[PDB]
Each structure stands twice: as C-alpha cells, then as structure tokens.
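Observations on the three-dimensional arrangement
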Amino acid sequence: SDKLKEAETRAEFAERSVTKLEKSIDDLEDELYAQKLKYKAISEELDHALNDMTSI
Amino acid sequence: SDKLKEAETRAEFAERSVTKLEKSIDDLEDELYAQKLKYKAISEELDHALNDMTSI
Amino acid sequence: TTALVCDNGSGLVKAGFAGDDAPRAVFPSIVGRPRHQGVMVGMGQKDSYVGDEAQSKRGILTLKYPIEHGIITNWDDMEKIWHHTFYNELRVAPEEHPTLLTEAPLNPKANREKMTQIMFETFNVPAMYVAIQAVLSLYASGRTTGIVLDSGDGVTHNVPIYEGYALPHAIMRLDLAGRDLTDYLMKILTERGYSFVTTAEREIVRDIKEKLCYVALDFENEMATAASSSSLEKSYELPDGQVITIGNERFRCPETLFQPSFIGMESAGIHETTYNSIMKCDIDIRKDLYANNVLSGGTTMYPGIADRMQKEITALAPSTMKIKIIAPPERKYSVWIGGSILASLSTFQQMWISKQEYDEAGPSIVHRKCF
Amino acid sequence: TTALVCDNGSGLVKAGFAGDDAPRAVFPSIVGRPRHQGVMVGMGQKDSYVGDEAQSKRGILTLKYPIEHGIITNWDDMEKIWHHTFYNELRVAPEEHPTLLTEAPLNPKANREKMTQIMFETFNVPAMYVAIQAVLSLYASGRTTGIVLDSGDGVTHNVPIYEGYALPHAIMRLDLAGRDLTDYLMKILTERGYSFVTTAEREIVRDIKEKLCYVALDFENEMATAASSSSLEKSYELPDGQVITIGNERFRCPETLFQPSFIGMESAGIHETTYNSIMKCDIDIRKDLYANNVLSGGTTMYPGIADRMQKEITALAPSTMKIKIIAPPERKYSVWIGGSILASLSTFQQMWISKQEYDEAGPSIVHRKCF
Ligand SMILES: Nc1ncnc2c1ncn2[C@@H]1O[C@H](COP(=O)(O)OP(=O)(O)O)[C@@H](O)[C@H]1O
Ligand SMILES: Nc1ncnc2c1ncn2[C@@H]1O[C@H](COP(=O)(O)OP(=O)(O)O)[C@@H](O)[C@H]1O
Ligand SMILES: [Mg+2]
Ligand SMILES: [Mg+2]
C-alpha cells in the first residue's frame, strides 16, 4: 500500500508536469506563428514597394 | 499489486512524454531563433539603406 | 434616399452606396453546389454557397461562374448572387433604394431586358438604370474626353469618347480577358509538371497569376534572358506546401494580351485594337485621344503594362503626336467610383427608369430614351 | 423509448442504451462448445458457453470467433451472440427498442442484408439502422472534419471526412489488425521456447500483448539497445506459474503495424496508408486533414503510438503543414460513444429503417436511401 501511494504520487506529478510543458509549447508555438506572420507581412510589403517602384 | 503495476506504467508513459515534449520545445525555440536572426539581418540591411537614404 | 451602385462584373461583384470612395463589399461571383455525399447529420449543410463563403469551402464544391463573357448564361444563379449582395453584404432591402447596374458594350438585348425585368419584379426596386462600363471609368478619371480600354475579367472593350459625345461606330469589343489568361496560364504550367484540373484549382492558378505574372517590356529579350540566367524564377507556396517555381511562364501568361495568337484567337492585341479604334475616329480628334488614353479594369493591373502599351502605340502612331497613358492606382474600382460619381449627380436624378414607366411599356423600356 | 446502441465489433461486443457515457456490457465475442467427454451426471453442462462465461471455462472449450475480418462467417453463432447480448447482458426484450448496429467500410453487401434480415425477423425489433464505424468515432471527438484511423481488432480502415461530406473515393481499408498481431506475437514467442498452440492459449498471448507490448519510437535503435543491455526484459506470470521473460519481442509485435512485411503482407504500414488516403483528397482540404488526424479503435492503445505515427507522417508530409494526432484517452469505446451521441440526436430520429418499410421492399432496403 505504501509503495502504491508513492508511485501514484510520482505519476500524478508527472502528469501535471507534462500538462505544464504542453501549455508552454503551445505558447511558444503561438509566438512562432506570430513571428512567421511578421515575416510574411514584411516580405509582402517589400514586394509591394518593389512592384510600385518598378511600375512607378 | 495490480494498482502498483498500473501506477508504474502511467509513470513511464508520462516520463517518456515529458522527454519528447522537452526535445520538441527546444527544437522549436531553435527554429524561432533562426528566423529572428534572418529578420534581424534583413532589418540591418534596411537600416543601412535608411542611413544612405538620409543622404538621399 | 441613397442609391445602390451595384456593378455585376464577371469575376468580382462590387457594390456600395452612392457617394463613397470604395465599394462596400467586394466578393467573387461564384455559386458552388456541394458534390460529395455528406455523412454528418445536423451539420447545417446548405445547398449552395455563394460569394466569399464558397471561396473557403471550395475544397468540396464545384464553383461555376454565372457570367461567361459579359452576358449572363445562368439566370437563376445570377438572381441568387444579387439576392445575396442585397441582403447579406449590404443588409438593405431593395424596396427603398434605386439601383445602377453596369453592362458591357455590344451585349445581347435579351440580357439587359431580363436584368431589368428581374430588378423590377423579384427585388421590386423603385427605379434602376443601366450604364455602359466605360463611360463610368471615364467619369472616375475626371476627364471628359479620351479613349478608355476597360480590360475586365470577362471581356475587353475599348470605347472612345470626345467632349462627352460617344462615337458608337468606333467601339472595338474583344473577348480576351482575365479568364482566358487564367486558362492559358493553367495550360502552360503543365510544361513543368504541375497539373491543375479541378474547378477549385482554377482559383489557385488565378492567385498565382495575380501575385507573380508581369508584362515584359520587350518580349524576345525577356525570353532570351530567362533561358540563360535564373534571376526570374520566383517560387510560390501552394495551399498545402510543395512550393512551385515559375520560370518564363511569368511574362508569357500576360503576353497573350498583345499576341492573341497564343490562345488561337485571330484578332490583334490590345496594343493594336486601340490604335484601330482611334483611326476610325474623325481626323480632328485623334490628337486628344492619343494624349488621353485611359486604362481601367482589373486585368490592366499587371506590373509594367503602362509602359509596354505606350511603347507599342508610339511605334504605331505618327512620330509627332504625344502618347500618354493614364493609369490611376485605383484602377480596379475605377468603374465603380465612376458609377458612384454619376449616381451622386443632381443633373442625372431624372434619368432613372421609374417603375410606373416600366409598367406602361414593359421591359423593352431600357432600349428607349431612358437608355 | 430509448435506443439500443449495439456495436458488434470483432473481439469485443460493446452495447448499452443510448445517451450514456460508456457501454453497459463489454464482453468477448466467442462461442465455445466443450470438446471433452464429460462424466459427471446432472452437473448442468450446457452445449455452448458464449460471451464472458467462456473466458472462465476456456480450459475445456474450443473458442471460435464468429467474425473473422469485419465480415461474419458463421451466422448461427452470431445470432447466438446477439441473443445473449439482448437477453442476459442488458435484459431488455428487443420488441420495444430500436437498434443501431455498426459495420466496417467496404464490407460485402450480403453481410449487411443478412444482418438486417435477422434483426427484423428473429429478434423483431421496431427499427434498426446501420452506420459506418468511422463516422461515429468522428462524432465522439466532437469534430466535424478530420481523417480517422480506426484500427480495430478485425480490420483497420481509414475514412477521411471534411465538413461532414465523406469522400468515398479515399477510403483505404487494410486487413491487418489486432488479431494478426496476436498471431504474430504467438509466432515469435517460439524463439525463446514458449509454445502456445491451443485456441485457449491465444487468449493468454492476447493478454501478454495487451499488458507488455509497446510501440518503439525508433525501431533500429530499440533493436540495438535490446540486444546489448537487459533493461527491457519484463516478466509475466502465466495462469499457472512459470513466469516468462519477454525481451525484444515487446516492440517487435506491434511494429508489424508500420511494416506489414513482417507477416508477409505486401501493403504499406498504417503510417503510409494515412498519407496516401490524404493525398487522394482534394488539394484544398489537405491542411485540415493534416491538422485533425484522429485515432480510434482498440489496437491504437499501444503506449507510444501517437508519437511514432506523428513522426512518420511528419517525415512524409510537406515541412510547412502542422501534423497533429488526436488520441483521446477513451479510445477503445470511441465508436460506441459516438454511436450513443448519434442515436440521441433529434435530427436523426427519422432516419431509422421502420419495419413497414422493410416489409414493402425486403432486406435490400438498407442499400437504399435509408443507408
Ligand atoms: N493585382 C492584380 N494583378 C493581376 N491581375 C489581376 C489583379 N487583380 C485582379 N486581376 C485580374 O482581374 C480580374 C478581376 O477583374 P475585374 O475588374 O474585377 O473584372 P470585372 O470587370 O468583372 O469587375 C481577376 O479575375 C484577375 O484575373
Ligand atoms: N490496452 C490495450 N493495449 C493494447 N492492445 C489492446 C488493448 N486493449 C485492446 N487491445 C487490442 O484491441 C482489440 C480490441 O479491439 P476493439 O476496439 O474491441 O475491436 P472492435 O473494433 O471489434 O471492437 C483486442 O483484441 C486487443 O488485441
Ligand atoms: Mg469591369
Ligand atoms: Mg471497432
């Protein structure tokens, strides 16, 4: 019974830790999505300036 | 005994999941760092262009 | 009250209240029934998604444009498009608003008569008026003379106007437009391995054409350069990955405008039908038309067309005349801006086809004095 | 009244009233006649023990599953199983309850027609409806799109669905499933000395597979590690003692899913038939299917499969798309939970095959509009 309690406690902590890690990776994935949007927008704006200047 | 085996299996599963999640988050952080490096490089090139345009 | 300046077009329906700068709602004119079976129950699946909704579910639809070349080939779908435009994109009941449709030159009469009959019977508007798509584009430029080349997506027409007096014998309507360029681009992409067949993938090819293609200043030099270096190959990411690289297909797709022999059409390019349209005019207004050549319509937005066309016309025209090509940045909505200006005029307020007049003479009223 | 959501399956029959969270009675679908002679008189020995009763007397029985690969090969035994399920595990007479069976995709017609004929003639239900086992598993996830890989015990099938519109031309049904993995495990255990032959000992090998086997993240590294260290050897106690030690048989048994060449099957693994099923879909719904890959069925419960499959698909798929694998903890009963949800819907209440309709068109009614 004592060993079962110990193992259950460690497994519960492991579940909590993996939940925290999954939330953290979600946050960082969202941040990378935002920065990818930033690069898309800046490249699009540079292309717009290029086409405006080449087309006067 | 059945409960102990269940708990042990749960612990192993959660530990492996946490290992995979840690490796994945580190890799994604590396990718974000690389894209930020590219953005900074082109931004410095544009800043040099602006420095010359100050003379324009 | 305010007037509704609708503009059916062919490819993008542009609408909005009279007196503004830009159309309120712009959305593709496609009606797509679902084609697969459908297993989820209660999902709320409709029988036809129109407008911009069918550009998001296009993976399981069969989009079909209701307007082929200016003319309308499928009246039920066009009625559905109009109903959507009035009720969901503007949310104004048509019972309390005049409408100002637009129509290409030299179109079949039955199309115009059916259009007015629908507007008066189904939607029950107070009064509607049909205007030629080129006079509006001339309004928007703030001119009163000039020869306007309105290369839309359905049909390219070239109406010369002087001092407000249109010249009906010098209108040169050509049926090459953006849609044929999309089909030709989709046909030459197969030379690298990319095959687009489904009616949904025509939209992807259209996006490629819009974002990458450009008109070459000199065709042979570009063909020679693209065949030696690799400074032209621009890549593009499909809606699922697998980036593609467009080589000399970039300036070969819109070159069809100046050499309609590419898609097998006999006629001369848009660079020579303008000169022919000018030469049919009288000998004393040719200088003004030369100096005030106006571009409009969506398809004239290719980067570098206002220089190629000027070079071609300068080659054709006499050396003394000055050739100037007006290419405003708001080219795409030029017709609608002109429509708003025309509907906002006080002098025009008595030209509408009032409903009692239609009740007395039938749908054939449109060909009469109220043009 | 309430509906009976039965789910024949192949290996475990799961049943229960509509509107609950879990099936009421889950028991193996085996019917085993005794094989020895029997000397005690008056012991009350029956002629066939079905369901969970024959998993306790399996020492003197010859268990034989009545469903081989989705299809039903022994109709009398299947009728016996259904009779047991209705009368002893639920204790509700079928004369007062609609039934909702489930069937794998691409199964023979005669199987489905015989199923409906039995349900209407022998058990005499008021109305029954047959549904594809993958749409239900998609219901249970609360999605409306996604490609579901339902690796049961009889047959593994992969049905892609978008916006509720199933794609009938992209269903990839493969006949490798849990039973073949049990046979392969029983065949590779002989490499250490343990021989299981009797049809009763197949159950013991199944228990070994359930409790010990796991899917390796990388196969070659695991094969190298298990051949040097001894950190993998897990022991297990047979029903009579004599513990056994499983070495690298642990991850070699379920590896057959990703390399069906192990059991001599030609086809590609479950990691590549999903990608092929996606690529047959249209080009505009591939991103959504990539992002909403759903796992279901019992055999997808191996510890570590939701990572191996994601790694494999990410290797195959384009680098830009995001690959996500939905693996709910209630995987085993996902099909039945979805069945309960579907039977509890009000919109679905008029899709049942009413008995008078069957009387008018015969058993071939199932292929008709009431699918
Ligand atoms: N930025 C652009 N570059 C190149 N082609 C364009 C661009 N925008 C639109 N087009 C082409 O023009 C068409 C839209 O033309 P439009 O003026 O809307 O036709 P309509 O006269 O029917 O309104 C599209 O089908 C597209 O092929
Ligand atoms: N926890 C588990 N781990 C590994 N395999 C399992 C587990 N539970 C069930 N299985 C396998 O799945 C099969 C049961 O699959 P199931 O989903 O009941 O099939 P069906 O679709 O016929 O209901 C069993 O034969 C067993 O081999
Ligand atoms: Mg137009
Ligand atoms: Mg199943």
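Residues numbered from 1 in each chain as written, not as in the entry; some residues may be left out. Chains lettered and ligands numbered in written order. Part of a larger assembly, values for the part shown. Heavy atoms only, no water.

The record names cryo-EM as the way this model was obtained, at a resolution of 4.9 Å.

Annotation of chain C in UniProt includes, under Subcellular location, the sentence "Cytoplasm, Cytoskeleton". (UniProt positions renumbered as here; feature names shortened; annotations may be inferred.)

**Digging into the overall build of chain C**
When its secondary structure is counted, chain C shows 12 helices and 16 strands. For 371 residues, the compact-globule estimate of 2.2 N^0.38 gives 21 Å, and the C-alpha radius of gyration of chain C, at 22 Å, lies within 12% of that figure. With respect to the three principal axes, the spread of C-alpha positions in chain C is 70 × 70 × 35 Å. Residues counted as buried form 54% of the 371 residues belonging to chain C. Taking all contacts inside chain C whose residues are at least 6 apart in sequence as the whole, residues at least 24 apart take part in 68%. Entry remark: accessible area of chain C is about 16000 Å², with carbon and sulfur atoms responsible for 49%. In chain C, 37 positive and 46 negative side-chain charges are present, and the distance between their average locations comes to 1 Å. (Helix = DSSP H or I, 4+ residues; strand = E, 2+ residues; numbered from the N terminus. Rg over C-alpha atoms; globule rule 2.2 N^0.38 Å. Buried < 20%, exposed > 50% of the residue type's maximum accessible area, 1.4 Å probe, protein only. Contact = heavy atoms within 4.5 Å. Areas by Shrake-Rupley, 256 points an atom, 1.4 Å probe, with all protein chains shown as cover. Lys, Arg positive; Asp, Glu negative; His and termini not counted. Charge placed at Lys NZ, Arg CZ, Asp CG, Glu CD.)

**So, the domain arrangement of chain C**
Interface size is commonly expressed as the accessible surface area that is lost when the partners come together. All names here are of chain C. Taken domain by domain, chain C holds domain 1 (4-137 + 333-360) and domain 2 (178-256). The gap between the C-alpha centroids of domain 1 and domain 2 is 31 Å. Counting from both sides, the interface comprises 10 residues of domain 1 and, opposite them, nine residues of domain 2. In this assembly, domain 1 packs against domain 2 so that about 790 Å² is buried in total across both faces, 41% of it on carbon and sulfur atoms. Ranking the residues of domain 1 by area buried against domain 2 places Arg 58, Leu 63 and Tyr 65 at the top, with a combined share of 58%. The tally of links between domain 1 and domain 2 comes to zero salt bridges. The tally of links from domain 1 across to domain 2 stands at four residue pairs in polar contact. (Domains from an automatic or database assignment. Buried area = accessible area lost by both parts, 1.4 Å probe. Salt bridge = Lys/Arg side-chain N within 4 Å of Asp/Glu carboxyl O. Polar contact = N/O pair within 3.5 Å; in protein donor to acceptor, adjacent residues only side chain to side chain.)

**Re the site of ligand 1**
Residues and elements named next belong to chain C. Near ligand 1 you find 15 residues, and of these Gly 9, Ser 10, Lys 14, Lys 209 and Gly 298 are the closest. At 2.3 Å, a backbone N or O of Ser 10 approaches an oxygen atom of ligand 1. One nitrogen or oxygen atom from the side chain of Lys 209 is found 2.3 Å from an oxygen atom belonging to ligand 1. Element by element, the count of residues in the shell around ligand 1 is highest for helix α5 (residues 201-212), at three residues. Each residue belonging to the shell around ligand 1 can be placed in one class, and the counts come to three nonpolar, six polar and six charged. Each of two domains, domain 1 (4-137 + 333-360) and domain 2 (178-256), supplies a minimum of three residues to the shell around ligand 1. (Near = heavy atom within 4 Å. Nonpolar A, V, L, I, M, F, W, Y, C, P; charged D, E, K, R; others polar.)

**Quick word on the interface of chain D and chain C**
Between chain D and chain C, the contact holds 25 residues from the first and 27 residues from the second. Here chain D packs against chain C, burying approximately 2200 Å² in sum over the two surfaces, 66% of which is carbon and sulfur. On the chain D side of the contact with chain C, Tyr 165, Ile 283 and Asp 284 of chain D bury the most area, a combined 32% of that side's loss. Counting the contacts that link chain D with chain C gives three salt bridges.

**Let's talk about the nonpolar core**
Ranked by size, the top nonpolar core spans 50 residues in total, and within it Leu 185, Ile 208, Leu 257 and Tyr 290 of chain D carry the most contacts. Among the elements that make up this core, the one with the highest residue count is helix α4 (residues 178-188) of chain D (five residues). Apart from residues no more than four positions distant in its own chain, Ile 208 of chain D is found in contact with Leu 185, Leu 189, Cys 213, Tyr 236, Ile 244 and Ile 246 of chain D. Among the nonpolar cores identified, the runner-up in size contains 43 residues, and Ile 147, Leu 181 and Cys 253 of chain C together with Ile 283 of chain D belong to it. (Core = buried A, V, L, I, M, F, W, Y, C linked by side-chain atoms within 4.5 Å.)

**Quick notes on the pattern of salt bridges**
Within the structure shown, the criterion is met by 41 salt bridges over all chains. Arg 202 of chain C serves as the salt-bridge partner of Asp 183 of chain C, at 3.5 Å between the closest nitrogen and oxygen. Highlighted residues: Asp 183 of chain C in helix α4 (residues 178-188) and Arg 202 of chain C in helix α5, separated in sequence by 19 residues. For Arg 202 of chain C, a relative accessible area of 23% gives the class partly exposed. Between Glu 210 of chain D and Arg 206 of chain D there is a salt bridge, and its shortest N-O distance comes to 3.1 Å.

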